[PDB]
Amino acid sequence: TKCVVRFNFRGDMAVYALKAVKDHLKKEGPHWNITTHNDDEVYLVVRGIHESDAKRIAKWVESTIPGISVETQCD
Amino acid sequence: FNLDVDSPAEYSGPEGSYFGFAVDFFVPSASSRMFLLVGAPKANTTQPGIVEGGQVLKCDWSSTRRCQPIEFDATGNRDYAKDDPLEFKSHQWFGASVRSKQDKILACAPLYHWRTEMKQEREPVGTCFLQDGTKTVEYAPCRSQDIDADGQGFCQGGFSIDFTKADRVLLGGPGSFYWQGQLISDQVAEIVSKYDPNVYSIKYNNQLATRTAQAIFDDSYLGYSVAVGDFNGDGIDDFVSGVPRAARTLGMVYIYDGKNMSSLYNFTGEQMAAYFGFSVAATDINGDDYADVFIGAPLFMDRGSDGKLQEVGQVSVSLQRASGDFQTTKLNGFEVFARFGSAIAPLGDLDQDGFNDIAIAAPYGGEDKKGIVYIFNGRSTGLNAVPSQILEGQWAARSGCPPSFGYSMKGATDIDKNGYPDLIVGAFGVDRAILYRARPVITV
Ligand SMILES: *[C@@H]1O[C@H](CO)[C@@H](O[C@@H]2O[C@H](CO)[C@@H](O[C@@H]3O[C@H](CO[C@H]4O[C@H](CO)[C@@H](O)[C@H](O)[C@@H]4O)[C@@H](O)[C@H](O[C@H]4O[C@H](CO)[C@@H](O)[C@H](O)[C@@H]4O[C@H]4O[C@H](CO)[C@@H](O)[C@H](O)[C@@H]4O)[C@@H]3O)[C@H](O)[C@H]2NC(C)=O)[C@H](O)[C@H]1NC(C)=O
Ligand SMILES: *[C@@H]1O[C@H](CO)[C@@H](O[C@@H]2O[C@H](CO)[C@@H](O)[C@H](O)[C@H]2NC(C)=O)[C@H](O)[C@H]1NC(C)=O
Ligand SMILES: *[C@@H]1O[C@H](CO)[C@@H](O)[C@H](O)[C@H]1NC(C)=O
Ligand SMILES: *[C@@H]1O[C@H](CO)[C@@H](O)[C@H](O)[C@H]1NC(C)=O
Ligand SMILES: [Ca+2]
Ligand SMILES: [Ca+2]
Ligand SMILES: [Ca+2]
Ligand SMILES: [Ca+2]
Ligand SMILES: [Ca+2]
Ligand SMILES: [Mg+2]
């Protein structure tokens, strides 16, 4: 249905990782509510992800971009 | 004032091995004889294809003075798949961190790397070998499904370890969660019982641990150095952990509940980049039955009357009171760039006067930066700020690196069986370790 997934980017490559994840998400979900923040703590949040899509993107990130902390909250 | 520095017992290892980097004592409950445990993290082992793997040596004491390696790990790198290694033991720094309780020896390798099953990589997870009885098991609490920098992949578990009187292992892993740091505490019985050599990730039932927090805590290195003692009166040793880069690099020391990890206390340094929390210790220094907290800050700069700042190092001493309040005083170093307070080692009641005493080192002080160890006596009002004895390093640097006498110390163990606990001091820059024994004190 709908969930919220948050990705926390840390370290010297945090902004490269943010770009890599953001570009991936834009291609997988061109109309997803993708919000990013580069202020002090770098993170990306996707709202309205279609539930199963939350695991699909988390798996892609785990197997690609080294270490992004992902939190999934579903109702 | 009672250490014998005229006729010390000196031990050495292979050149370039950093023998003496870390020291402890090995005292089986009923063997009648005791051994010294001296690490040598860059030693060349006999393992099939391992370079500078590191080793722990069991050094004797009575009769002659010889050291031999302990075969905690007699093999090389296990494979995950054909022509695809599971682990990387070369340059793992095994023996960098060693602690023992009775017949239980816990020896760690903070630079051990492995690939994990999910992807091929080289993550500095850190592993420990626990040997007791006639059995050896591998303990690797940061080797799990929670991997890479956001997980425990860069934990370097075993960086700092201790034992809880409850027969639990306290392990500091400063690299967890993008260097926020993590404390992990488990039971010896679980570690030894739940062992299977075909399982890389092992879960335990009675394990306690800290958790990941907000990015504002990144690069704090919690669990850089750990200690234990009772700070709430529950009869259960609690956990003391240095966090040297915390609070805008002022440095902090955290105390957690030894039963459920709830936070109990917070100590904060005063000066930025003094690296407060580099080393911590917990001991009763005033005879009040309440553990007191000793916090090192080796890069501390002491400003003089003309406004000039001298880097000497500082140690903060806080006494625990029954109310839960702490009474804090400060002790400054004596020599510039000696880094006083970098190593703190409780000696127990060194002079048998009823109050515990403590050793504080300054590894780069003295003539030619040989290194100095200062002995400070206790009393009913807290630590006496004036040192009673000065121990100087006896060796010249041979290859750039100072002998760093006093870099690593351990006391409160009586090897010569005279009632007065002895002190073992490492000097890895010259591949040596030296044992100073405590003399009887005669009052007239
Ligand atoms: C010694 O000093 C240490 C710190 O140096 C101190 O520990 C810190 O304690 C604070 C709490 O005081 C921890 O901060 C958070 O605590 C809440 C618990 O609930 C309290 O705060 C909320 C705030 O809204 C109140 O509503 C509530 O009533 C309580 O007062 C936790 O729930 C927080 O958890 C976060 O991480 C979780 C991971 O799963 C998330 O699921 C959760 O949503 C929180 O995420 C936050 O960050 C996200 C970043 O993207 C953000 O998106 C979320 O919206 C949210 O903001 C959190 O723990 C702090 O972490 C502790 N730090 C450390 C290192 O332990 C000790 O207490 C102190 N001890 C003594 C004796 O003084
Ligand atoms: C452990 O063995 C290695 C390999 O024999 C030693 O490293 C060599 O040291 C010589 C010193 O002249 C160098 O010329 C070689 O290039 C080094 N080889 C490698 C692969 O590094 C190492 O010094 C030995 N360490 C100890 C403590 O004995
Ligand atoms: C830990 O145990 C003490 C026992 O007095 C209790 O007061 C405290 O609330 C407990 N904390 C947690 C997190 O369970
Ligand atoms: C140095 O000069 C200041 C005045 O600027 C004075 O207060 C201080 O006592 C003098 N110190 C000594 C040792 O003379
Ligand atoms: Ca860097
Ligand atoms: Ca307790
Ligand atoms: Ca006390
Ligand atoms: Ca004493
Ligand atoms: Ca003795
Ligand atoms: Mg940078």
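Just so you know, the numbers here start at 1 and follow the chain as drawn.
Looking at the header, which is where the method is noted, we find electron microscopy, 2.9 Å.
A Cβ is built for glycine as well, from the same backbone N, Cα and C atoms used for every other residue.
The Cβ of B:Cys67 (disulfide bond) lies under 8 Å from the Cβ of B:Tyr11, B:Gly13, B:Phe19, B:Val38, B:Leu57, B:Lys58, B:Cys59, B:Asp60, each of these being in the same chain and 6 or more residues away along the sequence. The disulfide bond annotation in Swiss-Prot covers B:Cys59-B:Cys67 (among others) and is backed by experimental evidence.
Residues annotated as repeat 'FG-GAP 2' in Swiss-Prot, with sequence analysis given as evidence: B:79-140.
For the recorded site, B:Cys108 (disulfide bond), the DSSP three-state label reads strand. Sequence annotations record features per position, and here Swiss-Prot assigns disulfide bond to B:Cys108-B:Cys128 (among others).
As annotated by Swiss-Prot, disulfide bond applies to B:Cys142-B:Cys155 (among others). B:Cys142 (disulfide bond) counts 29 other C-beta atoms within 10 Å of its own C-beta, drawing on all protein chains shown.
The repeat 'FG-GAP 4' annotation in Swiss-Prot covers B:207-261.
If you look up Swiss-Prot, you'll see B:328-385 marked as repeat 'FG-GAP 6'.
Under a cutoff of 8 A between CB atoms, and with a sequence separation of 6+ in the same chain, the neighbours of B:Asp353 (Ca(2+) 3 binding site) are B:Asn377, B:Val441. Positions annotated as Ca(2+) 3 binding site by Swiss-Prot, on the basis of experimental evidence: B:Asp349, B:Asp351, B:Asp353, B:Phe355, B:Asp357.
Within 8 Å of the Cβ centroid of the Ca(2+) 3 site, not counting the listed residues B:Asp349, B:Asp351, B:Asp353, B:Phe355, B:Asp357, the chain contributes B:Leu350, B:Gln352, B:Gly354, B:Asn356, B:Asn377, B:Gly378. Between the disulfide-bonded residues B:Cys59, B:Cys128, B:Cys128 has the most other Cβ atoms inside 10 Å of its own Cβ, all protein chains included. Rounded to a whole value, the Cα-Cα separation of B:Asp351 (Ca(2+) 3 binding site) and B:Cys108 (disulfide bond) is 32 Å. B:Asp349, B:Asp351, B:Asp353, B:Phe355, B:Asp357 are the recorded positions among B:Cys128, B:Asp349, B:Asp351, B:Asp353, B:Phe355, B:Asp357 whose C-beta comes within less than 6 Å of an atom of ligand 8, given in sequence order. Within the set of disulfide-bonded residues B:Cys108, B:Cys128, B:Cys142, B:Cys155, the entry lying nearest in space to B:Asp357 (Ca(2+) 3 binding site) is B:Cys108 (CA atoms). Residue pair B:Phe355 (Ca(2+) 3 binding site) / B:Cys155 (disulfide bond) shows a Cα separation of 37 Å.
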